[PDB]
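So the chains spell out like this:
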Amino acid sequence: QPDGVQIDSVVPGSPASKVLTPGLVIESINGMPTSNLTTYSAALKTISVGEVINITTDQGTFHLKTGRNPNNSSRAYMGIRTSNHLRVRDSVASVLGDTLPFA
């Protein structure tokens, strides 16, 4: 159930390091609402490095500059750990069994 993307944590190397707060929820980007993980990516794929986007959150609307791509080269690298924050439940994945062939 995608229901918005939330900010997990803010690490250095991003312009957002002193712009937003970790723990906040991203409601929508400029003309592009991010209720899902894919829509977040679909928006991100159009943004360039050094470009500034408009992000409305619970804590208000902020303007964010795309990061400078640490460790990896891509377009628009936010730099903050972000996730849709899946609703906690117990969908257990029990071990079925592993068949071991003997040669």
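Residues numbered from 1 in each chain as written, not as in the entry; some residues may be left out. Heavy atoms only, no water.

Enquirer: Please clarify how the pairing of strand β5 (residues 60-65) should be interpreted in this entry.
Expert: Remark: a regular strand shows side chains that alternate across the two faces of the sheet. The sheet contact formed by strand β4 (residues 52-57) and β5 spans 6 bridges and is antiparallel. When the bridges of β5 are listed, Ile55 appears paired with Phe62. Counting the residues between successive antiparallel strands, the hairpin from β4 to β5 contains 2 residues. (Pairing = 2+ DSSP bridges. Helix = DSSP H or I, 4+ residues; strand = E, 2+ residues; numbered from the N terminus.)

Enquirer: Just checking my understanding: could you explain the side chain of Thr57 for this structure?
Expert: Its place among the elements puts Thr57 in strand β4. At 2.7 Å, the side chain of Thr57 and the backbone oxygen of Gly60 are in polar contact. Ignoring sequence-local partners within four residues, the contact set of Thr57 consists of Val25, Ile26, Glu27 and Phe62. (Polar contact = N/O pair within 3.5 Å; in protein donor to acceptor, adjacent residues only side chain to side chain. Contact = heavy atoms within 4.5 Å.)

Enquirer: Looking at this model, I keep getting lost on helix α1 (residues 37-44). Mind explaining?
Expert: It helps to recall that an α-helix has 3.6 residues per turn; residues three or four apart then point in one direction. Looking only at α1, the buried set comprises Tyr40, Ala43 and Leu44. The arc that holds the buried residues of α1, viewed along the axis, is 100 degrees, so those residues lie on one side. In the core, the buried residues of α1 are packed alongside β1 (5-10), β2 (25-29), β3 (32-33) and β6 (80-83). (Buried < 20%, exposed > 50% of the residue type's maximum accessible area, 1.4 Å probe, protein only. Arc of directions from axis to C-beta.)

Enquirer: Quick question: what am I supposed to make of the environment of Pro33 here?
Expert: Its place among the elements puts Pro33 in strand β3. Residue class for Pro33 comes out exposed when judged on its relative accessible area of 53%. Separated by 10 residues in sequence, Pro33 and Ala43 place their C-alpha atoms 8.6 Å apart. Once you skip the residues sitting within four places of it in the chain, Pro33 turns out to touch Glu27, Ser28 and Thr39.

Enquirer: Explanation requested: the nonpolar core in the structure shown.
Expert: For soluble globular proteins, nonpolar side chains are generally found buried alongside one another. Ranked by internal contacts, the top residues of the largest apolar core, which has 17 residues, are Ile29, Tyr40, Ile53 and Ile55. For this core, the secondary structure elements donating two or more residues are β1, β2, α1 and β4. Counting residues per element, this core draws most heavily on α1, which supplies 3 residues. Ignoring sequence-local partners within four residues, the contact set of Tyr40 consists of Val5, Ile26, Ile29, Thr34, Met78 and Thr82. (Core = buried A, V, L, I, M, F, W, Y, C linked by side-chain atoms within 4.5 Å.)

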